[PDB]
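For clarity, chains are labelled A, B, C, D, E, F, G, H, I, J and K in written order, and residue numbers in each chain start from 1.
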Amino acid sequence: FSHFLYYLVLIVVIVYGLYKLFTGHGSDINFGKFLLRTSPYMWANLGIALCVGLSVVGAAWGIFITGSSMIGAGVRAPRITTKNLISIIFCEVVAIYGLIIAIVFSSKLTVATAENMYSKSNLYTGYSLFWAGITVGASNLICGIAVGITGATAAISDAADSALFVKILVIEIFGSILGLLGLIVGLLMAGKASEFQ
Amino acid sequence: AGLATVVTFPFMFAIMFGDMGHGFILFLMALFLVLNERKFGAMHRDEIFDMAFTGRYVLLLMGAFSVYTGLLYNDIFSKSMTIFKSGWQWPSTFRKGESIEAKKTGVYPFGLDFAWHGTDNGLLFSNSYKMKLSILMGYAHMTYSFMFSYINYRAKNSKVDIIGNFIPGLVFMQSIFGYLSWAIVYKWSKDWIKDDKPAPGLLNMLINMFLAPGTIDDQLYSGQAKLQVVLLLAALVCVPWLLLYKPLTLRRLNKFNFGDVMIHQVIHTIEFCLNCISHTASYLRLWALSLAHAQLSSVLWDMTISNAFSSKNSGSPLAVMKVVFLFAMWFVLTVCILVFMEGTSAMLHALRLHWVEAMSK
Amino acid sequence: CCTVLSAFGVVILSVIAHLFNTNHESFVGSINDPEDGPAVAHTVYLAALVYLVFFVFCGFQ
Amino acid sequence: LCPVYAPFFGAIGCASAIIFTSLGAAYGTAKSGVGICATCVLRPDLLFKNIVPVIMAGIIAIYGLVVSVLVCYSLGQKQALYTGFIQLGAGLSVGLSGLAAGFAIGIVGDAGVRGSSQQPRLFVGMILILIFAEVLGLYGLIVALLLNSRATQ
Amino acid sequence: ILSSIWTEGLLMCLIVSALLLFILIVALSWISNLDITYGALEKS
Amino acid sequence: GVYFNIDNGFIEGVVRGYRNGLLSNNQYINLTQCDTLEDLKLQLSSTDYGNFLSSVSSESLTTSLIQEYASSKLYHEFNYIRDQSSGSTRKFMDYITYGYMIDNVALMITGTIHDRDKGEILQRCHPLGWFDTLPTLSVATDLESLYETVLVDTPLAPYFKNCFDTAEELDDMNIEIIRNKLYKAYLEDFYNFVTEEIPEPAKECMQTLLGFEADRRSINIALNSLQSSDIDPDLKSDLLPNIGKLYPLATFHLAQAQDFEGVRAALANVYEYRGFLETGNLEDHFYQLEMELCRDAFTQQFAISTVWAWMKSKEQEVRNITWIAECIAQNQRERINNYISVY
Amino acid sequence: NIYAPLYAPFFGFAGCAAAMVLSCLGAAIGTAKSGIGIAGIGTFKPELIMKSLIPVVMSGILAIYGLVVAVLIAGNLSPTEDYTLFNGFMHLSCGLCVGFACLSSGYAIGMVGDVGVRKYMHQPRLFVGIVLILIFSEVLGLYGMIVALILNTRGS
Amino acid sequence: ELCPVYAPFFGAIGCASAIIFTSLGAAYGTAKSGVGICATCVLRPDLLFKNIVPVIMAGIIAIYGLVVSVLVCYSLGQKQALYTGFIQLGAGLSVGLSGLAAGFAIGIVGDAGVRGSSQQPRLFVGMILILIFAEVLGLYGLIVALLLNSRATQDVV
Amino acid sequence: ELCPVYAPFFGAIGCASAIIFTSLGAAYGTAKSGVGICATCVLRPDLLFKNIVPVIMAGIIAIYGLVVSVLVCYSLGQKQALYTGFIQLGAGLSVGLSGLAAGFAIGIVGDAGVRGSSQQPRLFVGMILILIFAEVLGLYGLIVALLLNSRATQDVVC
Amino acid sequence: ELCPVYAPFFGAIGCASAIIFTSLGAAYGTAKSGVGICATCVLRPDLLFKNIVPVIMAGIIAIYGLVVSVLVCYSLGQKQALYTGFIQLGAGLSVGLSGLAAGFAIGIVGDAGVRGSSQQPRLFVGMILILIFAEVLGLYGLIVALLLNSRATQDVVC
Amino acid sequence: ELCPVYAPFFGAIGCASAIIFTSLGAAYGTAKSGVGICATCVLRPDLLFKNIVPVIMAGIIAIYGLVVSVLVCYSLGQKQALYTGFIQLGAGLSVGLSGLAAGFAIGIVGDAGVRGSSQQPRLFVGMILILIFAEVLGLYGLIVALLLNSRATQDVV
């Protein structure tokens, strides 16, 4: 039924675009004026909220992936249940990344005067906070899921042999590069963005 | 079929692999195996190097023809050669940064002209030239390998096979795509600007020769509208003739399964009339892979050593280690891609042009 | 395999340095090309000498 | 500057701050309560120490209730789009965070209360895993309570 | 003006209420996939 | 591996823990050095079997009681893993036990033709293939009054689609036909279940583990039909499963295989089963290939095929322990190292 | 200025986000799917693990490929300078042609370098072929990064 | 402008959804946990009247929806503000989509609990304790909707 | 009116698509064939370098996409015609969604070819010939996009 | 109005579609029939250059797409009628989405024919007979697209 | 106004759709019948040219699309009425989506009849008799589009 709706929305978009284009009014579907006239606080607050939301839905994702297999693998070998908690920690740090980026973004969130409200800088710092919240929340989502998967494999290879956890912790390190790189990119994107003035 | 292969397979390779720089590298690494064929013959060869040393004379010809054709093009590691006198002169007094044209003085003596190198519309001219080159060389290869069928049926002393397969095949192939290959040469022969006549489009000439006979929008030669009807009727009369001559005259010479001959001749007619169209469009890979090789060798030069050329810091250690590192990065990428993992594809495409487009006539 | 790359580094970069020195229009003749010919030839010819050092050193191996 | 559609975002933020948080808390209660009911048919003396995942899922819903109450005391007819979208962000933050934290507490909790009946050393393990999944609701509550303080300034 | 029907405010209420409804549909599809381990509740 | 640990997080990690109790080659060599069944019990007590024969005490300890209790703890571990399963996993666990239900049906309705007592033909039945109307197969003789009375409410009911009851009640010749045909329809249904609802990493490595069951059953049916069967190939082709690697070209030649060479030349064209019928014990070839296919099903992580690969490996472990304890109790040690160990 | 409208940095920060999110998605698929195959052979011959960490490193390089172009798009974005819509479309395209390039290259490395590592415990001669197929599947993102760098220098 | 014509639409949807989604939640809680009663009271029917507590705690969610639906219904008007319609939509969704979650949790916990309480009679107190935490979710949604609906028509113009 | 301001959008997404869908097809062709290479060279180690030809054959598809995307990139302009953006969008789709097809074909042919060529040594020539017929699809897409891209900026005006 | 600015868009996505939807049907006919060649010629490798006719007849429809894409490409212009763009879109769809059908039919028939022609050698002439009917479905679309493209710029004005 | 600029769009979509969906139906009817033939005569190859009837009857309903996609193609002008484009779209859909159904029916009846006609020799007459009823579907779609296309330019202005 979802494929029927995906086809129906696509058919309605094609029929509406071709009807609007054939009648000489095709510039009325104006995405640029939509970007110019929507409020920058929508993009800013939506970016902050999706940053701290999608970091947590990746952190909590990885926490259950390498938590349920840690508890399952700890039934026969209970000497992993404290040492291997660093795999919970590596997928938990992607939430503090999104938190400390969301607070730094919300510091740039003041009341702009209505005479200069849809200005160049106010609209720039809405766009920048939106996409720099998206590129941090999605990167921490994907990093939390990857660290959870490579910690769920580590929690079972630890219970197999003790000398394997040191060898497969390296894969968790290379997986946890990603959230820190998103942390860097989201600070470079909203680095030149000013407050709302 | 391996006695016409000995020239045509390296040459159909070289049409796709056209460069004097990569061609000289391939010729040199082939001549290394030819001059050392006594030390390598009494040696255990693994499968890849056994493949490379069994064909140490296919690669020598594949390099020797690639040097010739990359001297026909101006393509020496995707650069031009100002060997001869140009047929195009540029204006002397012009403003900086504006778009200018060149005036034709003469024609370039051997090969393509070097005033098409840093040119905006040079790639359109190379598309037209290499497309018509592929059409004419595929036509030549097909009409050369189609005469071997006549020599086979003459050596078998079977006039029934001649009149049933060769002649209705010959005046079907030559009446359509022989006419196309003649029309390309005749458009190249006429000037169309000094004559103040419109240059005809040859795609929608062959489209309109089958759809709307007798209607010629842009006239290409005198008597076109009545000769194309004769060629169309000569091509359409050989669809029943190649399908109905041989079974109906094998049946007449029994006065043997007529169902095993009639169905076979219907399949032969459908296959041959399909393949006359399907192979002259399949020889355009000689233009496809040549365009791919030329453009990849251009955009590798432009990314690697066009960055290393700067008149600042002349003699500095950083500015010379820049050139060293970028030449190393360029050379390993040319050898790894543009020779080994591009000429192998050109080799295999010149191979399938023999296995299908030539060894089915 | 460094001696092969070094021999090509002698030959190709020496020809490129000579074509920058003589102001050949396939290397200098465009606006995006470098302005001074021998200034680029002086830093390509030194790279040709560096690859000649690599060719002589790896030629005794 | 303060349009007529501006308290839509604040009212829907106050809605979503309890809706998504109660969905996460309901998943964390139901999935980890199945593990309690499945575990305590063969070893019933672990019934009141396995009750910790549904308590933590309830704490998540309390964190969402706090944001919903604190958003609905700043709603007005003539508030700006600034207040409206900042209440929307304060709703979305604690909504996605409580939803994620409740899903994580639910999936960790039943596995933990099943491993705790086979190995007694896994009770401290499941508690130390569930404490990391609990504070993710706090990590959204921080952004929600910071965006609440910038409502009318 | 952007439009008269699909104005600047309606069209960004229908983006907020599409993101929230997407999160709602995802979360309800998570809770709908929740099944009980019946073998650990029977006698057998 | 992104949606696996929702319902299957605890299930895999315990089964992965159960995998680590598989006896290695050194733990088998330490069992082949034993002199007494008591020494073999004490050697198994240091493994993850520890104190499973504790209620025996050295007097009633036979080589069949070891095979009883070592398989009984396999069955209780399988029941513990199955009780924590839900959804598609629990259905996958049920589909494993259906193949043991078929063997218990075919073992229960042969104990009534021979008029052996119902209390002793059920202790030989398999504990995982238990359904609630299994003792009530001792009520009728013919197939129709055992289907329409008992086997309709069983989950073996869709598998009676080609068993043609011609009102001949039962000899020992057609109960094997009914057994092979039920197992044929079951292999079809469980392959379609694996292809349909099981996720993709646990799909490709379970279709191979199940097509191997189909190929082994095809070769065993086509090779046991030489000695104790005189049947037509059009009736023999209804017994060979069509899911495997061996079906579309080679089970045709196994259907019209009238001689041993008709089997051998049919299995010479398939690539991984050639050489099985040349040298050595064929049953050891199939068990070795089963363990080599179960070994590289543990190497894929987020897969529910690890349950199948665990229980077949643990059954081979119980078979190896039973073979060793049969060797060290009957004092024959010429083939004590005929165990199969890939772990 | 009609060629530099004020909504043009939307498509530049979209280029930043498409260059980072999809490239770290490809890097994460490539490290997680391959770490599954590396940890799967953890018990069977554990000595081949530290040699088999190459499809994890080559997956992590795909995040550096997206990092470089994300830094180079974010360095061309300032609220005081003029910023054409041509530049914004060009940054959208150069992030979009490196994100799906690194995504496809990470899918290829993840599907190759766990099957290869998982079959490598049987045949120790597979390793050269595994590294070769990983190089052929890792230049897929290098192609997209080359296009992104040329496109960034063209559009500014 | 402050009181448009399309303003009672959101108020009527808020009056509808408060009873619709709580009836969905209570229906799942009655359904899933009544299947368990009907399955486990064919063997021990003496505890039929104590397994009914998941059904009752599920039916409390529908009363939570009914209260908010009546209180939104008696604040609707033709010329109400758009603010009032937005607040009534929010108060309808805050009870409906939270009592839906509470009813899902009550149905799952009740079906898992009345099946395990016939094998272990000590699990009944734990079932009641988990169902209280499942029912306070809908209670929290009721609190949020009452605090919205008190704010609905307070200083409206 | 004829060279609008939103005109390089179509050329930009055409330059993007010729990398996106082409690298997706090349990645499928390398991944699915490398599974077969790593699955058959367990017991056939000497055929390890004869089996790379599906993976090289799929990498030439990504080279085809690279060439056309670079050649589109060096014709994007700020004051670009909308005709030029339409032609570059068509040339990007013509390489991308045909190289995706050729990559699907090489990925599905090549693993079966390296699984059968380890069992039969005379099937290698047939595998190479079917892979030539599968690569010529992406070659056709490159031919269409190079003939199409050469018509962008021929008679453009305003 | 009669030749608008957006008029080459339909011509460009008709030039693109006639190779996209054609090559992704030719790829199905190559892959689905090539896994039937590589699985059959492990026991009968003497039939290798005889069973490859489904791959050849799947490659022929890609040439059918290539011809129509070139003929639609060389009729594109900056100022062309919107009728010409509609006709070129119709020709591109008529080749592409019918060569996709012809490729599906060749792919499904070809592996069923080559797996059966090694048990019975008298099924090869039946495979060719079914495969000609499966392959003429793209030739019909080529006829429709050429009759469209001959009507594209015949009596166009403005 | 009666003959707009966008009027040849519907005629071109009809001319394409006349052959596109009939090629899909003919492809399905050829594909399943070819699998049925190639699986039914590895044992009895004497029925090879006898069982070719479903492939022929599936190939006829693509000629049904080739007729109307030429008769619509030779009525496409630049300045044509919108009524003509609407009728040509209706004619293309009337042949296409009916020959698609006819091809589905021929493809199912074809392999179901050639896999069973190797057993019973006189199921061939019944197979032809059912395929005639399956091919008159495409014949009815042809009749509908030929009656439409004789009206697309009858009294247009």
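Here, a contact is a pair of C-beta atoms (placed from the backbone, for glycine too) under 8 Å apart; a residue touches a chain by one contact, two chains touch by 3 or more.
Peer 1: Need the graph distance between chain B and chain E over the touch network, please.
Peer 2: Each step joins two touching chains, and the minimum needed here is 3.
Peer 1: Counting C-beta pairs in contact, which comes out ahead: F-J or A-E?
Peer 2: A-E
Peer 1: Could you please state the distance in Å, as a whole number, between where the Cα atoms of chain G are centred and where those of chain I are centred?
Peer 2: 18
Peer 1: Taking each chain's centre as the mean position of its Cα atoms, how many Å separate chain A from chain G?
Peer 2: Roughly 17 Å, centre to centre.
Peer 1: Averaged over CA atoms, how far is the centre of chain A from the centre of chain B? Could you give it in whole Å?
Peer 2: Each chain's C-alpha centroid was found; their separation is 52 Å.
Peer 1: What's the distance between the Cα centroids of chain D and chain J, rounded to whole Å?
Peer 2: About 56 Å separates the centre of chain D from that of chain J.
Peer 1: Specify, in ascending order, the residues of chain J that touch 2 or more different other chains.
Peer 2: Touching at least two other chains: 1, 4, 6, 42-43, 56, 59, 63, 66, 70, 74, 115, 119, 125, 147.
Peer 1: Using the touch rule from the top of the page, what residues of chain B touch 2 or more other chains?
Peer 2: Chain B, residues with two or more chain partners: 282, 284.
Peer 1: Return the residues of chain E touching two or more other chains; collapse runs of consecutive numbers into ranges.
Peer 2: Those would be 16, 24, 31, 34, 36-38, 40-41.
Peer 1: Of all residues in chain B, which touch chain J in the complex?
Peer 2: Going through chain B, the ones touching chain J are 201, 203-204, 207-208, 210-212, 263, 267, 270, 274, 277-278, 281-282, 284, 356.
Peer 1: Give the list of chain E residues in touch with chain A in this complex.
Peer 2: Within the complex, chain E contacts chain A at residues 2-3, 8, 11-12, 16, 19.
Peer 1: Quick one: which bits of chain C touch chain B in the complex? Just the residue numbers, please.
Peer 2: 5, 8-9, 12-13, 16, 20, 24-27, 29-31, 33-37, 39-40, 42-44, 46-47, 50-51
Peer 1: Inside the complex, what are the residues of chain A that reach chain E?
Peer 2: Result: residues 28, 30, 33-34, 37-39, 42, 46 of chain A touch chain E.
Peer 1: Show me the residue ranges of chain F that touch chain G in the complex, using the header's touch definition.
Peer 2: 1, 20, 295-296, 298-302
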